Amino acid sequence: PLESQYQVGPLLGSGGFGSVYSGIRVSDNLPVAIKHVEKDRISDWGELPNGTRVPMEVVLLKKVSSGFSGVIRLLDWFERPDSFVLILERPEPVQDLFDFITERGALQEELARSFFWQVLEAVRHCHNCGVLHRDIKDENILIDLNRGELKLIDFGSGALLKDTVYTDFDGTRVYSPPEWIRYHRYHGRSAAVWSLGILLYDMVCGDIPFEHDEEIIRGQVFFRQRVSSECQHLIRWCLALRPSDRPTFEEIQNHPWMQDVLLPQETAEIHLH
């Protein structure tokens, strides 16, 4: 059962994603997150190998939860009469990248370089497992403050990775590529790289670059903060209006601005602790 397995604490959040409660596995005080969601509010269904009709979020999660990674992992789940309850990891102390930036203002480039890299590595992981997150942002990235490690969260907008076109999008708008805005059509990888450019700008500037459809499609990036020239270049390269002019993951990771990254543990010693 559940309540017998987990001792539910206070509500951590609630929204489209449902309601998230702080919790702890009784077996070993492991800190966990307990996410509840009503079936009636589930749009994207799918099924496990054994063919169980579960939320696509569960399918994906299970696919990226094997072994170590920068993705909060799904420990266990439960089906209820009118809802699904997922048991997910819970760093402690932890803080999402949104509040972190909101608190600290634009980040130092060395810190951003560390964070972004970890992000990239986690997205390459997801794609290896054939999963497309579809909603990468500072709100869906948690920071394990004592480790300096970032974890991806919220796969309820995700999709199985595919080489053909996507015509559905239910992720964050201002983070949506121009090709979706204009044509309602996009491809996995390249649309991902567009959101990774929004994120990078977001870190180094403290706020996303575009706000209106007009801005997203014009593709003009103005820097509100003092950013290195190498960094503005990588950012403008990810925000290339034409999907095929955007860099590949390997290209992003091989960008000058991305050399000499600090490992997590030092990132924490230097910028968090």
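A residue's number is simply how far along the shown sequence it sits, counting from 1.
Look at the C-alpha B-factors of 70-78 and of 184-192. On average they run higher in 70-78.
Stretches 27-35 and 232-240 differ in mean C-alpha B factor, with the higher average recorded for 27-35.
Across the residues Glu149, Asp135, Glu139, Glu103, the deposited record lists the maximum Cα B factor for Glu103.
Of the residues listed, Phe115, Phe98, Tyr201, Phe169, the entry assigns the biggest Cα temperature factor to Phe169. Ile42 sits in the highest third of its chain by CA B factor, as recorded in the PDB entry. Residue-level temperature factors show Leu61 in the lowest third of its chain, judged at the C-alpha atom. For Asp144, the recorded CA B-factor ranks within the middle third of the chain. Only modelled residues enter the ranking. Split the chain's modelled residues into thirds by C-alpha temperature factor. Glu211 is in the highest one. In this PDB entry, the Cα temperature factor of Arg226 sits in the bottom third of its chain's modelled residues, the lowest group.
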